[PDB]
Every structure is written in C-alpha cells, then in structure tokens.
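Participant: Dropping the structure in here first, questions after.
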Amino acid sequence: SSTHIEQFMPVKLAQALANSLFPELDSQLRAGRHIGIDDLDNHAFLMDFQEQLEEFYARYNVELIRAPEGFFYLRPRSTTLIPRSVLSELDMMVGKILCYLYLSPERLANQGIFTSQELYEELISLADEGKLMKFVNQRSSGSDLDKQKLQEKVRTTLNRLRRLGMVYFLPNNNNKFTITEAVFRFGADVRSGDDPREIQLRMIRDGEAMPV
Amino acid sequence: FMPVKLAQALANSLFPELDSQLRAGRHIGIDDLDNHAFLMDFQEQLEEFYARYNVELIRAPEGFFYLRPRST
Amino acid sequence: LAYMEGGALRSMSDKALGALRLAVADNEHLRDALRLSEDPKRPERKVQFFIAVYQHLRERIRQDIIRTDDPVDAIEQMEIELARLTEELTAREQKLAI
Amino acid sequence: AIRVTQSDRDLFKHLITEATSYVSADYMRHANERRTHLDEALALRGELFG
Amino acid sequence: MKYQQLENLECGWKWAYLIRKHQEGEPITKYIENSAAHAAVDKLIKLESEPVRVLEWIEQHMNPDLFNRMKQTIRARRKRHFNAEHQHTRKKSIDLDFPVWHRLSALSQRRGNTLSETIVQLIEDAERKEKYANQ
Amino acid sequence: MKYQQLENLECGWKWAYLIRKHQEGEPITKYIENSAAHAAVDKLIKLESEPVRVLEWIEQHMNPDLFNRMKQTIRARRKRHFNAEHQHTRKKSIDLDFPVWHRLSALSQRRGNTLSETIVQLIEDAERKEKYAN
DNA sequence: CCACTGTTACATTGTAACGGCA
DNA sequence: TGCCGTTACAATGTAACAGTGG
DNA sequence: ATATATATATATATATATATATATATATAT
DNA sequence: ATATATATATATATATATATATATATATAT
C-alpha cells in the first residue's frame, strides 16, 4: 500500500540508516576510515546490516568491502560519486612496517603499545636509510637535520594513518599507539603466493592500488 | 522506524549526487531546476536528516539551499 | 521402524511435523519447503526438504574448527566447547569476586 | 558465548532429530506397502496367465 | 471412522481455510464490532505456526455460520488426501455439455445408480458387443 | 472472432486476476528489486476502477512470463461468460472414478471423438440395443 | 435421536495443448 | 506466427444423501 | 451537622538533553 | 619559527518532562 516503507526502501536498510550509530560511521567511512574489531559497536553494526550498506553505497559508485581479515572499508570506483585518493610511498613504508610489528614476535613484550621512536628504528633497520631518505629531501647525504626531518615526516604519516584507523593513540597518550588489523591491507600485494608483477596488475585492475 | 517521506526523498535517484554536493558545501540555487525542486519538495525531511548530523539545512531568503555546520 | 504399521508411522510423522512447525517458523524458504512437502502425490518432496535442513545447518557452522559439515558431527565439538567454556566461566567468576 | 553455543547446539539437535523422525517414518511406510503390493500382484499375475 | 484423523494436519487445514476465507472478505469472526473482529483476526494470523491453538481460536471467535461448511470442507479434504495416494482411488474431473449431461443424469436416475456406475454399465455393454464381435 | 470483447468487463477481469495472483504470491511485475515491484503493485491496487489505465499498467510493468497465462485465462473467462447465459450452452462438470475415466478416455482416443461425442454415441447405441431387444 | 463421516454431484477458477484463421 | 475458440483436465469448496456408533 | 478522604489544579524544583562559547594541544605550511 | 586550522573538553544557559507538596471543592463516614 501507499505510505509504506517497502515502496521505496527495504525495511532493514531503513532501520540501519535510522540507527543512532549510522551518522558517525558514515562520516568516518566517507572520510576514508577503516573499521576494525576494536570498535566493537561500529563493527557489529556493520556486520548486522552489512548487505544493506553495500547496496546503499553502491549508489555512490563505491564498494563497501570487507577484507578476509574482517575489517570493512570503502573502495571508490573510476566512476565514484565520492572522490578518491592514494597513500604516499612513505605511507606504504610505514604501513608495511606496521604490519610487520603486528606480526613481529620480538616486540611481544610491548604488548601492542608502540612508540614512534621504535617504529622509526625498525623502519631504518629494514629499509635503506639514505636511499629512503632521498625522498625526504633530494639533497640528503646523512645530515642530522635531514634525519630529524625524516623523523618528523614519519610522525606526520603516522598521524594520518591514525586518522585512517590503521592505528589508535592511547586514551591519554598521543606518543604511544596500538595497531589494528586494518594494517593487513598493506600486505595485499603479498598475501597471495604468486609472481609480484601479476598480483600488482590484478590489484590495480580491481582498483585496490594505483601506481606512482 | 523512519519517516516515510524521508525514505522517499533518500531513495530518489537524484539523492546521491545532491548529497555529495551538499556535504561538499555546494549551494543549490534556482538554476538547478531538478535539484532545487527536489529540495523544495523534501526540505521538511532533509532538514531532520541533516540535523541528525548536527548540521542545518538552510534555505536562504534568495532561495538557494545550503548546509551550515554547527560546532558539533 | 520396520516392524510397525502405517498408522503409527503416520501419527509419528504428524507429531514430527508439529515439532517442525515451531522449529521452522523463523525461516521463510525452509518453511515454504516444509509446507510444500505435505503433498501426498509427491513423496520425494519430503526428502528434498530434509536435504534443505542439512543445506541449512551447513551454513550455520560458526568458525573453521566446527566445519565438520556433517551437522550430527558438530554436536560433539560444540559440547566440548560448552564444557570448556564452563571451566573458563568458573575461573572468571572467581577472578571477578577477588 | 556459553548462551549462544548452547542455543546453537539445542537448535541443531532438535532440528536434526525432528527431521529424521518426520522423514524416515513415511519412508519405511512406503517401503512396506511397496513390498506388500508386489506380493499381492504376483498371485494375480500367476492366475491370469493360465 | 474409516480415515485416520491427524490433529497436526487437520489443524493446519483449518487455519488455512480460515485465512483464505478472511482474505476473500467473508466475516469469519462472530463479532459485529470492527475492533474486536480485527483483533481476533490478528490473533489468528499470529497463530500460523501453532495449529493447535487454532481449535481454541475457533471456539472463541469463529462465526456460528461456518460450522457446517468447515466440517464439510475438511472432511472432503481428508478424503481426497487419503485417496490421492493411489491412482485407482483417485477421481477424474470432466466437463459435459448440457444435453449430454441431461440425458446421462436422466438415465442414471432411472437406473438408480451413480454416474460412474451408469458409465460402467454403458461401456460394459459396448465392450460386450466388441467382445462378441471378437470372440 | 466469435464473442465480442467488452473493455470495461475484461479490464475488471484482468484487474481481479492480477490482484488474485499478487495475493497468491505470484510476482506480477518484472522488477526483481522489491521496492519497484511493491510500488507497481501499489499503483495497481490504487488503479482500481480503470480499464484504460490498467491496460497501460499491464503493458508497462507486467511480468513477461505471465502474458500467455493471463491471455488464455481471459479467453476462458470470456467464453464461459458468454456461454453461461443459456442452459443448453452451459457445461456440466462431474467427477469420474479413475478406472471408468481411463476406459472412457481409451475409447475416445481410439475413435477420435471427444468425451461428449463418445458418450452420446454410446448412449445412442445403448438405446438402439434396447430397441433391438424390444 | 443425534452427531460425526464417507460419498456423489455438482460449481468455480486456472492452465496446457490443438486446431482454425488472418 | 499470434489471437481465439475449444477441450480436458486439476484443486478446492458445498450441498445433499447414506452410513455408523454412542 | 460535622470532619476526613478523594480528585483536581497549581507552582515548585529537580534532572536531562541541547547548543553555545572559550581554552587547549598540536599538527601543518610558509 | 611561528601563524593558522582543527578536534576535544569543559562551563553555562535554555527548554521541556516530571515528581512532590499544597490548596480547593465535593463525597461520604461519624
């Protein structure tokens, strides 16, 4: 009959969109924030009405995607109604390193709580110090001023990732943080045991990762 | 539940583009005939929908619509 | 059941259907299959519905360790898990009291 | 967790037992009447031939 | 009693009959007031998955008119359901033109037997002619 | 064309048939999405008392696979409606036990006649046999 | 007696398959 | 071919008659 | 013929939720 | 190195719903 919700929208989708949690979750998602198991309320909300939200967001030409690790996010399409952006290469370095720390048992004593200094030390341990520094400044040759510049850049990238939900600052401390499973996306190019050059094409075709 | 007319307005195929442009701060005037008519018709419900975001859907005296963010 | 006669079989099938009606009200397509299974001209329908029931419980398995997709097999694993959780509950309530 | 797992186990048990009860009864019935009808038919066939 | 009465089946039949009658627009309820009738119908709807309570809903709100039609329809449905098992007990529905049916019914009422019996006698006379022709 | 078709009658027939099918659960519309199907069904429901627009509704939202069934149902409805005026043109429906029906259909298929023609011929032969004996 | 059951003879609506005809 | 009459069913609902046992 | 119990209306003030304004930390960019 | 933008937290005032206690008129036991 008329004046009846099923005329325009499914009942469960309307119930989900009328829930008190919908607005904060939608604003965060459109901002690019990933959702992990830690946000128990938001994660459960996404799980319960997961299908309604993928079909709703499809209207924006963006896929609400749940990675096998269990974290939801948004991937815009080429015809996205919501703009799209790509992380910096330094952001990739810090995200890969963050995934390593999530999987690294040596730092188990930290119990998941990490400081930016430790992250930088691990980054320089695994990466090429000076050749990575080259991107921070084209004229760097190990100068300690440029060293501090790279430290500051790493801190800034860490803050941006915090904005993306890959990392949480502690309820009182902004100098310490706890990693989230979302960081696993930084390894999507290696989660499959195949040739790297074919997986990169598969991902870029899927829209997962553009090149630089 | 949800208001019925609010569901009708949200379901309308014009809603995604208009919503994106509003959340981007764009002002919808009389020139955008379809969007302006849609907002005119469904203002009573979009005001509540965007007040759920602690934002105000304002129709200026000139007529154009826009979103004013609150402190929250 | 081979010994008994048709009357008792019919009566117990009716009782089983009565139990099912309560046990199936939540589901829509499974309930519809149960309803269709009532036609006497097509006994095979019955079996189909049975399959559906399995085809239902297969998808209700929670995580990988309980993926003994044979539903009758998952019962033992689930009972083991209930017993385990009982011990953890005892420990947890002791901890909460202290 | 205990509540959820107990509910799941009870539902599985009840569904499986009731489905088996519902189906196997009629299956055995049909088998028994099939045997009986075959036995009945043989005698008619034998008499008819002569 | 020739046909076994099954409670959980006849109850479902009765519930389906009531719902069908209501959706056809008939006043299954015994209530003339709109509100009580609507409430009783709503309760009956809730009773979908509990056929056992349908007998009680009948005893509380069923229209007094419907006892005869109810007891007729469920009886016929039971007979048909039990006869449908075997072909030789089934029934076949056919349509006859008015002149043909008039003659056949007059003949049957003359012989004091059912239509199937009259057809049996007729086809048997024809087959007797055929048999005698064959020998 | 033997029976003249009347729009205000056949359109009411079509509306009643579609409402019956929808109430029975049949998918009336071609829209898989539930929202569009419900909207079209509501349009139909509020469309009562209208031939010229129920026809258009059928043309625009009707399920492709139901066209033939609806057409033949309306054919049968028209024929029955026109034949139900006179007694001699009406049709009488009866139920025959399966063996009797099997034998009668065997005869009808053998002789190429219809059930009515076969029974008429047989009754005439029975009367002729009576006269032969009498 | 009275009630409940089994059975027959319809009606009512829907559907698939033939066959005629533009 | 696609419409249009026509047949032979299927499924369900009812009235009427005949039985049966309490 | 009386006084107490009831129902009604009213102001009091208690609490919640909202919305505003200011201070703070601090992360960016020239 | 510092101007500037942004997010968060707290205090403060508004507006509304609601429970409490009292005042007034009527009903009914004494």
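Scheme for the structure tokens: letters A, B, ... for chains in order shown; per-chain residue numbers from 1; ligand numbers from 1 in order shown.
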Fewer than 2 positions away in the same chain doesn't count, so skip those; otherwise give me all residues within 12 Å of residue 15 of chain B, counting only C-alpha atoms (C1' of nucleotides), as a PyMOL selection string.
Facilitator: (chain A and resi 56-57+59-60+81) or (chain B and resi 6-13+17-23+34-36+38-39+42+46)
Participant: Let me see the file: selected residues, C-alpha atoms, as a PDB file, in the first residue's frame.
Facilitator:
```pdb
ATOM      1  CA  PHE A  56      23.233   1.623  -0.414  1.00  0.00           C
ATOM      2  CA  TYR A  57      26.825   2.757  -1.025  1.00  0.00           C
ATOM      3  CA  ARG A  59      24.550   4.142  -5.385  1.00  0.00           C
ATOM      4  CA  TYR A  60      27.685   6.274  -4.962  1.00  0.00           C
ATOM      5  CA  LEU A  81      30.495   9.780  -6.702  1.00  0.00           C
TER       6      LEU A  81
ATOM      7  CA  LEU B   6      12.212  10.892   4.257  1.00  0.00           C
ATOM      8  CA  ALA B   7      12.632   7.400   2.823  1.00  0.00           C
ATOM      9  CA  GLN B   8      11.099   8.602  -0.442  1.00  0.00           C
ATOM     10  CA  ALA B   9      13.491  11.560  -0.642  1.00  0.00           C
ATOM     11  CA  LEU B  10      16.575   9.483   0.164  1.00  0.00           C
ATOM     12  CA  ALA B  11      15.589   6.764  -2.312  1.00  0.00           C
ATOM     13  CA  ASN B  12      15.187   9.250  -5.178  1.00  0.00           C
ATOM     14  CA  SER B  13      17.885   8.719  -7.797  1.00  0.00           C
ATOM     15  CA  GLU B  17      24.765  13.490  -6.278  1.00  0.00           C
ATOM     16  CA  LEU B  18      22.899  16.167  -4.331  1.00  0.00           C
ATOM     17  CA  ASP B  19      24.044  14.697  -1.014  1.00  0.00           C
ATOM     18  CA  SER B  20      27.669  14.612  -2.146  1.00  0.00           C
ATOM     19  CA  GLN B  21      27.494  18.210  -3.353  1.00  0.00           C
ATOM     20  CA  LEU B  22      25.859  19.368  -0.113  1.00  0.00           C
ATOM     21  CA  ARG B  23      28.410  17.583   2.067  1.00  0.00           C
ATOM     22  CA  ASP B  34      15.674  19.414 -10.690  1.00  0.00           C
ATOM     23  CA  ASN B  35      17.766  19.686  -7.523  1.00  0.00           C
ATOM     24  CA  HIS B  36      16.047  22.882  -6.393  1.00  0.00           C
ATOM     25  CA  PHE B  38      13.631  18.217  -5.080  1.00  0.00           C
ATOM     26  CA  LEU B  39      14.901  20.226  -2.114  1.00  0.00           C
ATOM     27  CA  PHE B  42      11.537  17.323   0.558  1.00  0.00           C
ATOM     28  CA  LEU B  46      16.083  16.577   4.705  1.00  0.00           C
TER      29      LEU B  46
END
```
Participant: Report as a PyMOL selection string all protein, DNA and RNA residues lying within 10 Å of segment 4-20 of chain H, evaluated on only C-alpha atoms (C1' of nucleotides), omitting residues in the same chain fewer than 6 positions from it.
Facilitator: (chain E and resi 1+68-70+72-74+76-77+92-95) or (chain F and resi 1-3+72+75-76+79+114-115) or (chain G and resi 4-21)
Participant: Need to verify the contact set: segment 34-45 of chain A, 6 Å, only C-alpha atoms (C1' of nucleotides), exclusion of same-chain residues closer than 5 positions in sequence. Can you return it as an MDAnalysis selection string?
Facilitator: chainID A and resid 71:73 164:165
Participant: Do you know which residues are at most 7 Å from segment 24-33 of chain E counting only C-alpha atoms (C1' of nucleotides), after dropping those on the same chain fewer than 3 positions away, and could you put them as a PDB file with N, CA, C and O atoms, in the first residue's frame?
Facilitator:
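Writing the result to out-v3.pdb gives the following:
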```
ATOM      1  N   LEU E  18      -9.535 -20.812   7.327  1.00  0.00           N
ATOM      2  CA  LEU E  18      -9.932 -19.549   7.937  1.00  0.00           C
ATOM      3  C   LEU E  18      -9.246 -18.368   7.262  1.00  0.00           C
ATOM      4  O   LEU E  18      -9.887 -17.357   6.953  1.00  0.00           O
ATOM      5  N   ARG E  20      -7.914 -18.141   4.250  1.00  0.00           N
ATOM      6  CA  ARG E  20      -8.420 -17.970   2.895  1.00  0.00           C
ATOM      7  C   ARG E  20      -9.783 -17.293   2.917  1.00  0.00           C
ATOM      8  O   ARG E  20     -10.042 -16.355   2.154  1.00  0.00           O
ATOM      9  N   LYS E  21     -10.663 -17.742   3.812  1.00  0.00           N
ATOM     10  CA  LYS E  21     -11.987 -17.143   3.899  1.00  0.00           C
ATOM     11  C   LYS E  21     -11.886 -15.666   4.242  1.00  0.00           C
ATOM     12  O   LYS E  21     -12.566 -14.830   3.637  1.00  0.00           O
ATOM     13  N   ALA E  36     -12.939  -5.595  17.687  1.00  0.00           N
ATOM     14  CA  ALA E  36     -12.792  -6.952  18.204  1.00  0.00           C
ATOM     15  C   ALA E  36     -12.565  -7.947  17.076  1.00  0.00           C
ATOM     16  O   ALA E  36     -11.760  -8.876  17.210  1.00  0.00           O
ATOM     17  N   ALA E  37     -13.270  -7.773  15.958  1.00  0.00           N
ATOM     18  CA  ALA E  37     -13.070  -8.657  14.816  1.00  0.00           C
ATOM     19  C   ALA E  37     -11.642  -8.556  14.297  1.00  0.00           C
ATOM     20  O   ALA E  37     -10.994  -9.571  14.013  1.00  0.00           O
ATOM     21  N   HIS E  61     -13.850 -17.302  18.607  1.00  0.00           N
ATOM     22  CA  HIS E  61     -14.260 -16.219  17.722  1.00  0.00           C
ATOM     23  C   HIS E  61     -14.794 -16.659  16.366  1.00  0.00           C
ATOM     24  O   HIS E  61     -15.099 -15.790  15.544  1.00  0.00           O
ATOM     25  N   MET E  62     -14.928 -17.952  16.101  1.00  0.00           N
ATOM     26  CA  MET E  62     -15.376 -18.390  14.786  1.00  0.00           C
ATOM     27  C   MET E  62     -16.860 -18.051  14.626  1.00  0.00           C
ATOM     28  O   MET E  62     -17.652 -18.220  15.557  1.00  0.00           O
ATOM     29  N   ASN E  63     -17.232 -17.570  13.441  1.00  0.00           N
ATOM     30  CA  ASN E  63     -18.630 -17.252  13.154  1.00  0.00           C
ATOM     31  C   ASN E  63     -19.521 -18.493  13.240  1.00  0.00           C
ATOM     32  O   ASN E  63     -19.256 -19.486  12.554  1.00  0.00           O
ATOM     33  N   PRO E  64     -20.647 -18.431  13.960  1.00  0.00           N
ATOM     34  CA  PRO E  64     -21.513 -19.618  14.078  1.00  0.00           C
ATOM     35  C   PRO E  64     -22.000 -20.165  12.751  1.00  0.00           C
ATOM     36  O   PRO E  64     -22.380 -21.341  12.685  1.00  0.00           O
TER      37      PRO E  64
END
```
Participant: Report the residues of chain A whose backbone DSSP state falls under alpha helix (DSSP H), written as an MDAnalysis selection string.
Facilitator: chainID A and resid 11:17 22:31 40:48 50:58 89:103 116:126 129:136 144:163 196:206
Participant: With a cut-off of 9 Å and counting only C-alpha atoms, select all residues of chain E in contact with chain F and give the selection as a ChimeraX atom specification.
Facilitator: /E:23,87-101,103-104,115-117,119-120,122-123,125-126
Participant: Write out as an MDAnalysis selection string each polymer residue whose atoms come within 12 Å of segment 13-24 of chain J, counting only C-alpha atoms (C1' of nucleotides); drop sequence neighbours fewer than 3 positions from it.
Facilitator: chainID I and resid 7:21
Participant: Tell me which of B:32, B:61, B:48, B:54 sits closest to chain I, counting only C-alpha atoms (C1' of nucleotides).
Facilitator: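 Ranking B:32, B:61, B:48, B:54 by distance to chain I, first place goes to B:54.
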